[PDB]
Structure formats: structure tokens, C-alpha cells
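Colleague: Sequence first, structure after; it's an experimental one.
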Amino acid sequence: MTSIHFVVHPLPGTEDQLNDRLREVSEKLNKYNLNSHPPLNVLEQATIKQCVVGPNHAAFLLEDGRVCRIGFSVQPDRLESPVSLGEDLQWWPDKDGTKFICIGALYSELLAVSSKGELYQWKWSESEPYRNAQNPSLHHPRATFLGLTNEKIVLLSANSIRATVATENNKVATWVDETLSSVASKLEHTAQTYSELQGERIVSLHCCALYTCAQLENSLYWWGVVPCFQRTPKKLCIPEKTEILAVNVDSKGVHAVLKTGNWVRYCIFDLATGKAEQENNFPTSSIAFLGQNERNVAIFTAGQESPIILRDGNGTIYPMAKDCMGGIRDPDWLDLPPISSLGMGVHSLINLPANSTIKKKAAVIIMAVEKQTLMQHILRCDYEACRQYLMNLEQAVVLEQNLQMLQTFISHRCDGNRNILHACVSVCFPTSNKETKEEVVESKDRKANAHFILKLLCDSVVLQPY
């Protein structure tokens, strides 16, 4: 099971401010252990594939094919939880019984792609998605113009202003928000398979207001207005025999994570030279960043002007900050379970009084945080809860039941690739010389309980083989 948490951050801001938002959040999971609000409790047992923010609504795609959306409000308590939701959640008016494969967003409307490859339009102000009474498979009024009424869509990327798709037939197509229709005549293009993209499949798409990049099986290509029209896809100067782990875009250019044999480096690419304008090594081990499943690597970003969230091969938020040379600071750990999926979006704050210290913009971030129940008891120093869990896991071993639950717990990680015993040890750390001079859980009991927990874990027949 997972839990959904909401985070808000003014823009522009800083990486360590953001890390402190995550830190602030990370406290609550181990101090309050509060019950989740009803409106989204239905999603705790659900599996979430993708999460997104439109200008006034969140929306979620489930692995079971269902989609839903919900309007949101920022709490004045941090216009100064920072977020409050309505109790009315809207499930997709699926009168066809057709499941969805991915979703995306534009300023006027939600976007969705069905498993049939059909394109759906649903304006945020509408109670139902668009349907053509004269064409039951046409769920987007401009799909005819794009040729997409006869082309199965298989990938989408869309952020406020621009939307780009790949068809199963490798044809690219691109459209823009309705308010841009007066300039769209020079920005949009129908379903076309560019010769520069022939020879590789589009593996993912990275859209923004000015341009889109396509990530292909062994190369990167991009087109649109430069960060002035790159009219046809342009190849980037990718080094040979290298594997590309993830990619994303902003007004600054392209950001991507490159492997090279056992090495990993973080890279900013410039579309003018087509080469990397900066590379940095990480201060940690590279293998630690690659984790247990490399495919988990990502680079979530808010959009334009954005904060960044790297993710490791286990699902950790990697706690980046620049150093004062412009390299990478050591990882200022955050003590978090892995994030199964994460939504981001940019929100206007013109709703504020004009005197405000918080700026006219913030990011809204939506986190499907995973529930590591026994890891939380260790971190909470709840000695009795840890003991009870071990007693139940002991019964589980004797009864030969929920054995996968035990293996899953043993395989749990939080950030920095710390297993349970690293978590115990970190908890046992001293915090002041006043404590040694003198020599929610109180600090005195915190150390005592942590040491008793460490001893208990070292003693338990549950853990002995591990």
C-alpha cells in the first residue's frame, strides 16, 4: 500500500529549500502517523501508474486502466497541510468500457490516450470528455486535422502550451492549446514520419513550450523553436557506446543522465553545439546511484524554470544541491521510503494579495510514498511496535505464511541505499555535548529505545539468517 502526500514550493527558490520541504514532510511520517484523508483513501490499495497537475485539478492514472481527476486548493496556512482537496472525486465517464494507457495536460484541458490509441479531450470546466456523435471513435475535435483518427497513438508528452505524440506507425504529430490556434498554423504538424526519425523507434517524448525532444532506441532527436525553427529533427552529439538512463527538458536546455561502462555522469546539453555544456560526477558511489533496478532512474521536473528531482535505482529521491564551486554537494539525507511515482506541476499564485513574500508561482508536487511499516517503527523508536512486528513475522515464519512480506521488508531501502541496520545506527547517533556532559518519543527514551531496538533486531530469530 502507498500514501499520497502534497508538497508546495515557491518559484524561483533553491534546491536546499526544496530538500527542506522534503525534510519537513519526512518528519511527519515518523512523528504524527496520522490517518490519511478519506477522499484519496481509495487509492491507498490502488496501483498508480502516472500522476499529473493541471492548473486547478490533480489527475491520476491507475495500472488497472481507470482514470480520475479532482479540483484542489492551496491552504492559506502556507500561502503564508499546505494543500486541501475537495471531497468530490470524479472518475472518468467511461461509458465505452475502454481502458487508458497514459495521460497528459494542457492549459484548457486534460488529455488521455486509450488502449485503442484513441485521443481524448476533456476540458477542466466540462463534466464530460468530448465525443463526436458522428464518429464514436473520435474523442478529440482536432484529431481529424492531425490525421490521428486513423493512427493508433502509443506515446504522448504535453505541458500547458504544446502536445506531441508518437503513433504506432512512428508518425510524429504535434498540436497546441486552443488559445494558441492563431499561431498554431506555424507550430503544429500532422501525423508524419520524419526521415531523421526513421531507423529507430520513439522510446519516450519530452515536450515543452518551445520544442519537443524524442528519445529513441539508440539516439536523441529534437525539433521546434530553439531554447529560430529547428524544422526537422536534429541529432545530438551522443558519445559512442554509451547508455542513456533518463532525459528531461527546460528553458535552460536538455538534462540527461549518461552511463559509461561502470561510470555515471550528469549532463546538461546545449542544442546550439549539440554537445554537453556541463558534466559532473556524483560524490557517492556510482553503483549506489544505479541501485537494484536501473530502469527506476528518472529526472522528474516541474516544467519551465523548474526544480529537479533525480531518482535512484531503488526509488529514492536523490538529495541534490550544487556546491559553491558549481559541482555537487554531498547527499544531505532525507530519511524517506521510496517513491513509487511522483507528479509535478507549475501553479500560478496571482490569487495572493499583491504585497506577498511568496512569489506569483509555485510548484505543486504529488508523491505516492510507499508504506514501509516496520521501517517506520524502527525510525519512530517504538520498541513495542517493533517487538510486536517481529513476533508476528516470527509466527509468519513458523506458519509458512506471508514469507514474501518478510523478504520484502528485508529488501526495503530508504535513501542513501541504507538498509534497516543503517537506519538503526543513524538513529543511535548523538546530537549534543550537553547530552554527554549530563550523562513523540523523548530524546532520552529515543536513544534508549533505539539501542534496545538494535539489540532486539540483532537477537530476533526473524532476522538471524539476514
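Modeller: Okay, I see it. Numbering: from 1, shown residues only.

Colleague: What residues does the most centrally placed residue in the chain make contact with?
Modeller: The centroid of the chain falls nearest to residue 342 when counting by C-alpha atoms, centre = their mean (2.7 Å). When contacts are counted by C-beta atoms under 8 Å, 6 or more residues apart in numbering, residue 342 touches 51, 300, 309, 311, 365-368. Just so you know, the C-beta spots here come from the backbone N, C-alpha and C atoms, and that holds for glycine as well.

Colleague: how about a cut-off of 7 Å?
Modeller: By C-beta atoms under 7 Å, 6 or more residues apart in numbering, the contact list for residue 342 reads 51, 300, 309, 365-368.

Colleague: Also residue 140?
Modeller: Per C-beta under 7 Å, 6+ apart, neighbours of residue 140: 119-121, 130.

Colleague: how near is it to residue 148?
Modeller: Using C-beta to C-beta, to the nearest Å, residue 140 is found at 7 Å from residue 148.

Colleague: Same check on residue 90?
Modeller: Between residue 90 and residue 148 the distance is 25 Å, computed by C-beta to C-beta.

Colleague: neighbours of the nearest residue to residue 105 once chain neighbours are set aside, just the number please.
Modeller: Take residue 105 and drop its neighbours on the chain: the residue closest to it by C-beta to C-beta, 6 or more residues apart in numbering is residue 54, 4.8 Å away. Using other C-beta atoms under 10 Å, residue 54 is surrounded by 22 other residues.

Colleague: Residue 259 too?
Modeller: Residue 259 sits with 17 neighbouring residues when counted by other C-beta under 10 Å.

Colleague: Touching, it and residue 245? I think so.
Modeller: Yes - with contact defined as C-beta atoms under 7 Å, residue 259 counts as touching residue 245 (5.8 Å).

Colleague: The residue nearest to the centre of the chain falls within a strand, correct?
Modeller: Yes - if the criterion is DSSP: H, G, I helix; E, B strand; the rest coil, then residue 342 is within a strand.

Colleague: what's across from it in the sheet?
Modeller: Listed beta-bridge partners, residue 342: residue 367 (assigned using DSSP bridges).

Colleague: For residue 56, see how far away it is.
Modeller: Where residue 56 is concerned, residue 342 sits at a distance of 20 Å (C-beta to C-beta).

Colleague: picking that back up, residues that sit against both of residue 140 and residue 148, list them.
Modeller: residue 119.

Colleague: next one: stretch 426-445 to chain centre, how far?
Modeller: 36 Å (C-alpha atoms, centre = their mean, to the nearest Å).

Colleague: Alpha carbons only: can I get it in CSV?
Modeller: The C-alpha coordinates for stretch 426-445 follow below in CSV (Å, rounded to 0.1, in the frame of the first residue of the first chain):
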residue,chain,number,x,y,z
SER,A,426,21.8,6.5,12.2
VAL,A,427,19.1,6.8,14.9
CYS,A,428,21.7,6.0,17.7
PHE,A,429,23.8,9.0,16.8
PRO,A,430,24.4,11.6,19.5
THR,A,431,23.3,15.2,18.9
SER,A,432,25.0,17.4,21.5
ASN,A,433,27.8,17.5,24.1
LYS,A,434,25.2,18.6,26.7
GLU,A,435,23.9,15.1,26.4
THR,A,436,27.3,13.6,27.2
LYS,A,437,28.0,16.2,29.9
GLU,A,438,24.8,15.4,31.6
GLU,A,439,25.5,11.7,31.4
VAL,A,440,6.6,11.6,20.1
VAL,A,441,9.4,9.8,21.8
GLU,A,442,11.6,11.9,24.1
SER,A,443,15.3,12.2,23.2
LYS,A,444,16.3,10.2,26.4
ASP,A,445,13.9,7.4,25.5
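
Colleague: what does that stretch contact?
Modeller: Residues contacting stretch 426-445 (C-beta under 7 Å, 6+ apart): 31, 379-381, 447, 449-451, 454.

Colleague: swap in stretch 391-410?
Modeller: So stretch 391-410 is contacted by 374, 461-462, 466 (C-beta under 7 Å, 6+ apart).

Colleague: at 6 Å instead, please
Modeller: Residues outside stretch 391-410 that contact it (C-beta atoms under 6 Å, 6 or more residues apart in numbering): 374, 462, 466.

Colleague: can I get those in a markdown table with distance to residue 229 and neighbour count?
Modeller: Listed next are these as a markdown table, based on distance: C-beta to C-beta, whole Å; neighbours: other C-beta atoms under 10 Å:
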| residue | distance to residue 229 | neighbour count |
| --- | --- | --- |
| 374 | 56 | 22 |
| 462 | 63 | 22 |
| 466 | 59 | 14 |
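
Colleague: now, which of the residues you listed lie within helices?
Modeller: residue 374 (DSSP state H).

Colleague: could you dump the contacts of stretch 391-410 to TSV with distance to residue 17?
Modeller: As requested, these are exported to TSV (distance: C-beta to C-beta, whole Å):
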residue	distance to residue 17
374	32
462	41
466	38
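
Colleague: Which of the contacts of stretch 391-410 lies at the shortest distance from residue 7?
Modeller: residue 374 (25.1 Å; C-beta to C-beta).

Colleague: does the residue nearest to that closest one when sequence neighbours are not counted count as helix, strand or coil?
Modeller: Nearest non-adjacent residue to residue 374, counting by C-beta to C-beta, 6+ apart: residue 389, 4.8 Å away. State at residue 389, reduced to three classes by three-state DSSP: helix.
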